[PDB]
Amino acid sequence: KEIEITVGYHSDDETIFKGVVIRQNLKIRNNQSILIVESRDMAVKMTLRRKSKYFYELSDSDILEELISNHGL
Amino acid sequence: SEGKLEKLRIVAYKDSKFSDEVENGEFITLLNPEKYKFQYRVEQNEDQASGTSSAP
């Protein structure tokens, strides 16, 4: 799911973070019980799979744009 | 036997079901205590978040 966090003083809020929910953790102790939720930005898509490719007559910045656009970023 | 002054007794036991007496393990007092007292405690979890007027 997609998550967005806003914060401010006296309801003058502004956006701090945008991203996607990845993990859910529970913790129980003698007099405590909580839920912890973790999220990351969309860039996380670029860290999941090993690849192999030949590139041709490109500058480094053409390559950097290609790697990013492949994940819809 | 209403008129009898009863005296406090303590007996020792061997098992957790209280059916097997320790031999020669019974004490009888000669003077009763004046009073006795009990204590009862119940514990709750009282975590709450900031900004709220009462806890769950």
Side-chain angles (χ1 to χ4, degrees):
Chain A
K1 295 187 81 68
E2 293 185 357
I3 176 161
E4 180 176 359
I5 307 177
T6 65
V7 61
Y9 300 100
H10 288 286
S11 302
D12 280 4
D13 296 333
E14 293 177 350
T15 303
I16 302 300
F17 178 87
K18 295 186 180 182
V20 61
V21 176
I22 61 169
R23 296 169 70 202
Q24 191 185 106
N25 298 283
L26 301 178
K27 183 175 84 176
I28 300 170
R29 297 290 184 270
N30 57 7
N31 200 34
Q32 182 177 56
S33 179
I34 63 171
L35 169 66
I36 301 170
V37 179
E38 296 191 350
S39 65
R40 294 184 185 274
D41 197 338
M42 295 297 172
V44 71
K45 290 177 181 178
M46 295 179 76
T47 63
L48 301 175
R49 297 289 183 272
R50 292 183 183 273
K51 296 181 179 178
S52 278
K53 180 170 179 173
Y54 296 104
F55 293 91
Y56 294 99
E57 296 178 352
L58 302 173
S59 68
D60 285 291
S61 295
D62 293 300
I63 293 168
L64 293 170
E65 288 182 353
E66 180 176 348
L67 293 170
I68 296 166
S69 73
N70 284 342
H71 295 278
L73 300 170
Chain B
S1 163
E2 184 178 355
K4 178 197 174 175
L5 184 65
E6 191 78 17
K7 288 286 160 55
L8 163 55
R9 287 206 320 160
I10 307 171
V11 189
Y13 278 96
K14 285 186 286 184
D15 50 336
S16 79
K17 296 209 197 313
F18 290 76
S19 49
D20 275 305
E21 293 184 29
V22 168
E23 293 293 327
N24 201 57
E26 160 180 305
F27 171 77
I28 307 163
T29 199
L30 302 155
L31 298 155
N32 274 317
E34 182 184 354
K35 43 170 185 167
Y36 57 91
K37 205 196 166 190
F38 278 116
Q39 270 189 7
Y40 304 95
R41 297 299 181 262
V42 187
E43 179 180 4
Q44 284 99 14
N45 189 272
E46 294 181 355
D47 291 334
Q48 67 166 306
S50 60
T52 62
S53 49
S54 180

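Side chains are part of it too, since the values below use all heavy atoms of this structure and drop only hydrogens, waters and symmetry mates. Below, chain A is the first sequence line, B the second, and so on; all start at residue 1.
- When all heavy atoms are compared, the tightest approach of B/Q48 to B/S54 is OE1-O, 3.3 Å.
- In this structure, the side chains of A/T15 and A/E4 come closer than 4.5 Å at one or more pairs of heavy atoms.
- When the shell of 6.0 Å around CZ of A/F55 is examined, it contains more than 12 heavy atoms from other residues, nucleotides or ligands.
- Environment of CG in A/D60: sparse, with no more than 12 heavy atoms of neighbouring residues, nucleotides or ligands closer than 6.0 Å.
- One finds the CG atom of B/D15 at 4.5 Å from the CG atom of B/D20 (value rounded to the nearest 0.5 Å).
- Under the 4.5 Å side-chain criterion, counting only non-hydrogen atoms from C-beta, B/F27 is not in contact with B/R9.
- Clustering ILVMFWY residues whenever any of their side-chain heavy atoms sit less than 4.5 angstrom apart, transitively, puts A/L73 in the very cluster that holds A/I63.
- To the nearest 0.5 Å, atoms OG (A/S39) and CZ (A/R23) are separated by 11.5 Å.
- Within the model, atoms CD of B/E6 and OG of B/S1 stand 7.0 Å from one another, a figure rounded to the nearest 0.5 Å.
- Going from atom CG of A/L35 over to atom CG of A/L26 covers 6.0 Å, rounded to the nearest 0.5 Å.
- Under the 4.5 Å side-chain heavy-atom criterion for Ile, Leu, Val, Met, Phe, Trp and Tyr, A/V20 and A/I68 are members of the same hydrophobic cluster.
- The cluster map of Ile, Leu, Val, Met, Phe, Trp and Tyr, joined by side-chain heavy atoms under 4.5 Å apart, puts A/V21 and A/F17 in the same cluster.
- In the displayed structure, A/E14 atom CD is contacted under 6.0 Å by at most 12 heavy atoms of other residues, nucleotides or ligands.
- B/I28 and B/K7 get closest at one heavy-atom pair: CG2-CB, 4.3 Å.
- Atom-to-atom distance recorded for A/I34:CD1 and B/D47:CG is 9.0 Å, nearest 0.5 angstrom.
- A continuous path of hydrophobic side-chain contacts links A/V37 to A/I5 [ILVMFWY only; heavy atoms under 4.5 Å].
- Annotation: side chain of A/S33 is not in contact with side chain of B/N45 (no heavy-atom distance under 4.5 Å).
- Of all non-hydrogen atoms in A/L67 and A/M46, the two that sit nearest each other are O-CE, 3.9 Å.
- Around CD of A/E2, the count of heavy atoms belonging to other residues, nucleotides or ligands within 6.0 Å does not exceed 12.
- Relative ring orientation between B/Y40 and B/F38 is described as tilted, the plane-to-plane angle lying within the 30° to 60° band.
- To the nearest 0.5 Å, atoms CG (A/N70) and NZ (A/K51) are separated by 5.5 Å.
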